[PDB]
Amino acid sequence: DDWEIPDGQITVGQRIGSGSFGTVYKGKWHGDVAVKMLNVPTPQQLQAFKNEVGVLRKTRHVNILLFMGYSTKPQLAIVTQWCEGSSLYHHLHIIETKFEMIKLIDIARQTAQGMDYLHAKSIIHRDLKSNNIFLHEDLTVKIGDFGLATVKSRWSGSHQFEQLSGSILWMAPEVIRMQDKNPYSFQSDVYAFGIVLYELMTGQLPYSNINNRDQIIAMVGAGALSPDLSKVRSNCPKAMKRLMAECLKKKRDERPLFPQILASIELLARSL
């Protein structure tokens, strides 16, 4: 495979963080890059990993984090562009950046634009959340962390337990239960997007009044817990508040898909 970066070319730099799936470093390879290093594979796992890289190779869009190559030594790794800036999670919940409503709407629009692109390519993200949406140069949304779905979800020792803890807030009721036919769908991505909209339009994570992540898992999975939409800022447009409730519908068939979502956001942006 021609997308393997030969060993010895990448220089690792700053450790950005160690998540439930891999550690990300800033790096140098023809300039700044990000390097996500996975676990410390059999021939079958190497072939499966290359198959997953095939999915990443399908994505070429300015709202999608740019895949640049992969490595197998010292460990399996994914190399992408380096985003100059912070994630949406960092802005909203850590440093509490005060975006104007017009810019919050634009961030929502750009996120929907990337999701629409993925879905058009038959890619279900499965892991959308504000800490893998990066605000590049404070201007351009880049969505990442949709790669290696089979590696993340199916391989032994991929820290699935930790992944659950880190993703529960964005996870649709049917993804929690995994009982319905095809629990991961375009519609479950829409629900996660609905939670990102909640974060943008309230400045808060959902369920901040519920201390217990187990109660959240059980309650959302039972269809008995939804974000408190009364916390949306006073200047959030009513059409945007309605859209957010549509994306968050507990019954997945009631959720709009991203062509409709994009048209709604674009209409209200161009209505100001």
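The first residue of the shown sequence is 1; numbering continues from there.
According to the record, no deposited residue between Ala224 and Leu225 is left without atomic coordinates.
Of the two segments, 123-131 and 94-102, the one listed with the higher mean B-factor is 94-102 (C-alpha atoms only).
Stretches compared: 173-181, 142-150. Higher mean C-alpha B-factor in the entry: 173-181. In the deposited entry, the Cα temperature factor of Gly114 sits in the bottom third of values across the chain's modelled residues.
Ranked by Cα temperature factor within the chain, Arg233 sits in the highest third according to the deposited record. Among the modelled residues of the chain, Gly31 sits in the middle third by CA temperature factor in this PDB entry. Sorting the modelled residues of the chain by their CA temperature factor places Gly203 in the highest third. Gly69: CA B factor lies in the lowest third for its chain, per the PDB record.
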